[PDB]
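A.B. asks: If you scroll down you'll find the structure; I have some questions about it.
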Amino acid sequence: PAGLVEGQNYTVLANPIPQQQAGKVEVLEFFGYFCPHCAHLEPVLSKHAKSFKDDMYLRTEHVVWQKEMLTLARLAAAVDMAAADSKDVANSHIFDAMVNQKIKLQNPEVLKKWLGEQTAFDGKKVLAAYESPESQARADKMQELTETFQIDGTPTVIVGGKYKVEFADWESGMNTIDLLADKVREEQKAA
């Protein structure tokens, strides 16, 4: 009962999600910018990700549960593309915009205006990313992942493509991520 217990603090996916970077340990968060629980996890996870080793990385994907949500996915794509060393600031701004200020960032007309107004992160370069074909492609991939892997709740955190974190609370889930990262790192090396 110490450490990792399957069915208690993690479960194993029936179908693993391909990792973006081979030979590394991926921590993958599915989220939505509208989601109060995602907004609460965000500061905990972003703080924790600073402690990640050089072979670990945090990948994020916005769920797409309806056609209207592709706009938010394209925003998520644009942030990941161009926000660079201010991505944490960007995500924090966006979560607060949607969850606390009730800003309708799912409306492209509201979103583009709002991005152009950002300087705490580079709003204009993120807008450039939003307007580029790449963010459309990334949003479509997000939808494919949502549907293929039947992601039906947010936040969902998966380590090493195969281990789903079963959260008791956010802080304790960070310990689970660390234990899973070690499990993955050494499974992968042994293979």
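Within each chain, counting starts at residue 1; across the structure tokens, chains are named A, B, ... in the order shown, with ligands numbered 1 upward in that order.
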Taking 3 positions as the minimum chain separation for residues in the same chain, which residues sit within 12 Å of residue 39 (chain A) when counting only C-alpha atoms? Answer as a VMD selection string.
C.D. replies: chain A and resid 31 to 36 42 to 46 88 91 to 100 154 to 155 170
A.B. asks: Put those residues in a file: N, CA, C and O atoms, as a compact mmCIF listing (two decimals), in the first residue's frame.
C.D. replies:
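Full text of part35.txt as output:
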```txt
# COMPACT_ATOMS: atom_id res chain seq x y z
N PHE A 31 -7.07 19.18 -20.55
CA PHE A 31 -7.71 20.24 -19.78
C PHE A 31 -8.70 20.99 -20.65
O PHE A 31 -8.76 20.81 -21.85
N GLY A 32 -9.48 21.86 -19.99
CA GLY A 32 -10.26 22.87 -20.68
C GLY A 32 -10.12 24.21 -20.00
O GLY A 32 -10.07 24.27 -18.77
N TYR A 33 -10.05 25.29 -20.76
CA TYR A 33 -9.85 26.62 -20.17
C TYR A 33 -11.08 27.11 -19.37
O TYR A 33 -10.96 28.02 -18.56
N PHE A 34 -12.23 26.52 -19.64
CA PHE A 34 -13.49 26.83 -18.94
C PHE A 34 -13.62 26.13 -17.59
O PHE A 34 -14.57 26.39 -16.87
N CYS A 35 -12.69 25.21 -17.27
CA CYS A 35 -12.88 24.23 -16.20
C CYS A 35 -12.34 24.75 -14.87
O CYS A 35 -11.13 24.93 -14.71
N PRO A 36 -13.22 24.99 -13.88
CA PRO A 36 -12.73 25.44 -12.60
C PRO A 36 -11.71 24.53 -11.94
O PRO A 36 -10.76 25.03 -11.33
N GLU A 42 -3.94 24.22 -12.04
CA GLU A 42 -2.92 24.91 -12.83
C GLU A 42 -1.75 25.44 -12.02
O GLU A 42 -0.61 25.15 -12.37
N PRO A 43 -2.00 26.24 -10.97
CA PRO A 43 -0.84 26.70 -10.20
C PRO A 43 -0.02 25.58 -9.53
O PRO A 43 1.19 25.72 -9.34
N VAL A 44 -0.69 24.49 -9.15
CA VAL A 44 -0.01 23.39 -8.47
C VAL A 44 0.88 22.66 -9.48
O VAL A 44 2.06 22.39 -9.24
N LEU A 45 0.30 22.36 -10.64
CA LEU A 45 1.02 21.64 -11.68
C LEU A 45 2.14 22.49 -12.27
O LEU A 45 3.24 21.98 -12.52
N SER A 46 1.87 23.77 -12.53
CA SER A 46 2.91 24.63 -13.11
C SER A 46 4.09 24.79 -12.13
O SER A 46 5.26 24.76 -12.55
N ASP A 88 3.17 29.82 -18.71
CA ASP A 88 2.45 29.73 -17.42
C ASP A 88 1.60 30.97 -17.15
O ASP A 88 0.45 30.87 -16.72
N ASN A 91 -1.50 30.88 -19.55
CA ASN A 91 -2.55 29.96 -19.12
C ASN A 91 -3.28 30.49 -17.90
O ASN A 91 -4.50 30.41 -17.83
N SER A 92 -2.54 31.08 -16.97
CA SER A 92 -3.15 31.70 -15.79
C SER A 92 -4.13 32.81 -16.18
O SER A 92 -5.26 32.85 -15.65
N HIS A 93 -3.71 33.70 -17.09
CA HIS A 93 -4.57 34.80 -17.60
C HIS A 93 -5.86 34.22 -18.22
O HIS A 93 -6.96 34.72 -17.99
N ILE A 94 -5.71 33.15 -19.02
CA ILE A 94 -6.83 32.59 -19.77
C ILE A 94 -7.82 31.92 -18.84
O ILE A 94 -9.03 32.12 -18.96
N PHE A 95 -7.32 31.09 -17.92
CA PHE A 95 -8.18 30.45 -16.94
C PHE A 95 -8.96 31.52 -16.17
O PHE A 95 -10.16 31.38 -15.94
N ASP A 96 -8.27 32.58 -15.75
CA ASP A 96 -8.98 33.59 -14.94
C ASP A 96 -10.00 34.36 -15.78
O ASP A 96 -11.07 34.68 -15.29
N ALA A 97 -9.65 34.64 -17.03
CA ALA A 97 -10.57 35.28 -17.97
C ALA A 97 -11.87 34.48 -18.08
O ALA A 97 -12.96 35.04 -18.00
N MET A 98 -11.76 33.17 -18.25
CA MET A 98 -12.95 32.35 -18.48
C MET A 98 -13.70 32.02 -17.21
O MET A 98 -14.92 32.19 -17.15
N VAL A 99 -12.97 31.57 -16.19
CA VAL A 99 -13.57 31.06 -14.97
C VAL A 99 -14.05 32.17 -14.03
O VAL A 99 -15.10 32.04 -13.44
N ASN A 100 -13.30 33.26 -13.92
CA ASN A 100 -13.67 34.32 -12.97
C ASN A 100 -14.24 35.59 -13.59
O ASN A 100 -15.08 36.26 -12.99
N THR A 154 -11.98 16.37 -17.24
CA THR A 154 -10.82 17.25 -17.09
C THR A 154 -10.73 17.69 -15.64
O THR A 154 -11.79 17.91 -15.00
N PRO A 155 -9.50 17.85 -15.12
CA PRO A 155 -8.24 17.51 -15.76
C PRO A 155 -8.03 16.01 -15.77
O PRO A 155 -8.50 15.33 -14.86
N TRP A 170 -4.84 17.85 -5.43
CA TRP A 170 -3.88 18.21 -6.47
C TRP A 170 -2.47 18.03 -5.96
O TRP A 170 -1.60 17.53 -6.68
```
A.B. asks: With DSSP run on the backbone, what are the strand (DSSP E or B) residues within region 2-147 of chain A? I'd like them as a short mmCIF file (atom, residue, chain, number, x, y, z; two decimals) with N, CA and C atoms, in the first residue's frame.
C.D. replies:
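What ended up in states_10.cif:
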```
data_model
loop_
_atom_site.label_atom_id
_atom_site.label_comp_id
_atom_site.auth_asym_id
_atom_site.auth_seq_id
_atom_site.Cartn_x
_atom_site.Cartn_y
_atom_site.Cartn_z
N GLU A 6 -2.25 0.30 -8.16
CA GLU A 6 -3.13 0.32 -9.32
C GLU A 6 -4.58 0.23 -8.85
N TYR A 10 -3.33 5.40 -9.28
CA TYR A 10 -3.20 5.43 -10.73
C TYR A 10 -3.95 4.26 -11.35
N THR A 11 -4.27 4.39 -12.63
CA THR A 11 -4.80 3.27 -13.43
C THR A 11 -3.99 3.19 -14.72
N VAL A 12 -4.10 2.07 -15.43
CA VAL A 12 -3.38 1.87 -16.67
C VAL A 12 -4.37 1.98 -17.83
N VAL A 25 10.24 11.09 -20.56
CA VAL A 25 9.09 10.79 -19.73
C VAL A 25 8.08 11.92 -19.86
N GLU A 26 6.97 11.64 -20.54
CA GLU A 26 5.95 12.64 -20.77
C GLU A 26 4.94 12.68 -19.64
N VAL A 27 4.58 13.89 -19.24
CA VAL A 27 3.45 14.13 -18.37
C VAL A 27 2.44 14.92 -19.20
N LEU A 28 1.30 14.30 -19.48
CA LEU A 28 0.32 14.82 -20.41
C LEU A 28 -0.91 15.24 -19.61
N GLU A 29 -1.29 16.50 -19.71
CA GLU A 29 -2.53 16.99 -19.11
C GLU A 29 -3.55 17.33 -20.19
N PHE A 30 -4.70 16.66 -20.15
CA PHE A 30 -5.89 17.11 -20.88
C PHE A 30 -6.67 18.05 -19.98
N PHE A 31 -7.07 19.18 -20.55
CA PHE A 31 -7.71 20.24 -19.78
C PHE A 31 -8.70 20.99 -20.65
N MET A 56 12.18 15.02 -18.62
CA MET A 56 10.74 15.06 -18.44
C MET A 56 10.20 16.32 -19.07
N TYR A 57 8.94 16.28 -19.49
CA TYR A 57 8.29 17.46 -20.01
C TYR A 57 6.80 17.39 -19.79
N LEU A 58 6.19 18.57 -19.69
CA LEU A 58 4.75 18.69 -19.55
C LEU A 58 4.16 19.03 -20.91
N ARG A 59 3.33 18.11 -21.41
CA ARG A 59 2.52 18.29 -22.62
C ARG A 59 1.09 18.59 -22.20
N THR A 60 0.47 19.55 -22.88
CA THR A 60 -0.92 19.87 -22.59
C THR A 60 -1.74 19.76 -23.86
N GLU A 61 -2.98 19.29 -23.70
CA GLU A 61 -3.93 19.18 -24.82
C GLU A 61 -5.29 19.64 -24.31
N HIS A 62 -5.94 20.52 -25.07
CA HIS A 62 -7.28 20.97 -24.72
C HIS A 62 -8.27 19.96 -25.28
#
```
A.B. asks: Which residue gives the smallest distance to residue 9 (chain A) among A:174, A:121, A:165, A:185, with only C-alpha atoms counted?
C.D. replies: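 The shortest atom-to-atom distance to residue 9 (chain A) comes from A:165.
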A.B. asks: Determine the nearest neighbour of residue 125 (chain A) from the options A:82, A:68, A:103, A:21, counting only C-alpha atoms.
C.D. replies: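 Selected residue with least distance to residue 125 (chain A): A:82.
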A.B. asks: Between CA of residue 112 (chain A) and CA of residue 87 (chain A), what is the distance in Å, rounded to a tenth?
C.D. replies: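 So the two atoms, CA of residue 112 (chain A) and CA of residue 87 (chain A), lie 17.3 Å apart.
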A.B. asks: Pick from A:113, A:164, A:74, A:104: nearest to residue 131 (chain A), with only C-alpha atoms counted?
C.D. replies: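 Closest candidate: A:74.
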A.B. asks: Enter the distance from CA of residue 188 (chain A) to CA of residue 13 (chain A), in Å, rounded to one decimal.
C.D. replies: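 CA of residue 13 (chain A) lies at a distance of 16.7 Å from CA of residue 188 (chain A).
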A.B. asks: Got a sec: who's within 10 Å of residue 183 (chain A), counting only C-alpha atoms, leaving out chain neighbours fewer than 6 positions off, as a ChimeraX atom specification?
C.D. replies: /A:4,25,159-160,163,177
A.B. asks: Those selected residues, please, written with N, CA and C atoms and delivered as a short mmCIF file (atom, residue, chain, number, x, y, z; two decimals), in the first residue's frame.
C.D. replies:
```cif
data_model
loop_
_atom_site.label_atom_id
_atom_site.label_comp_id
_atom_site.auth_asym_id
_atom_site.auth_seq_id
_atom_site.Cartn_x
_atom_site.Cartn_y
_atom_site.Cartn_z
N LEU A 4 2.81 3.47 -5.32
CA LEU A 4 1.86 3.32 -6.40
C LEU A 4 1.01 2.08 -6.18
N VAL A 25 10.24 11.09 -20.56
CA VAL A 25 9.09 10.79 -19.73
C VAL A 25 8.08 11.92 -19.86
N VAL A 159 0.88 9.83 -17.38
CA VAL A 159 2.34 9.80 -17.36
C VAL A 159 2.85 8.64 -18.21
N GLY A 160 3.83 8.91 -19.08
CA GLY A 160 4.46 7.85 -19.86
C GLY A 160 3.53 7.24 -20.89
N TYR A 163 -0.09 5.72 -17.82
CA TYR A 163 -0.50 5.73 -16.42
C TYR A 163 -1.33 6.96 -16.10
N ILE A 177 2.68 11.74 -9.70
CA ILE A 177 3.36 12.02 -10.96
C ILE A 177 4.84 11.67 -10.81
#
```
A.B. asks: Using only C-alpha atoms, which of the listed residues (A:123, A:1, A:106, A:75) sits closest to residue 136 (chain A)?
C.D. replies: A:75
A.B. asks: Which residues in region 39-144 of chain A does DSSP call helix (DSSP H, G or I)? List them as an MDAnalysis selection string.
C.D. replies: chainID A and resid 39:49 67:82 84:99 108:116 123:131 133:144
A.B. asks: What does the structure give for the distance between CA of residue 111 (chain A) and CA of residue 78 (chain A), in Å to one decimal?
C.D. replies: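 Pair CA of residue 111 (chain A) / CA of residue 78 (chain A) returns 11.6 Å.
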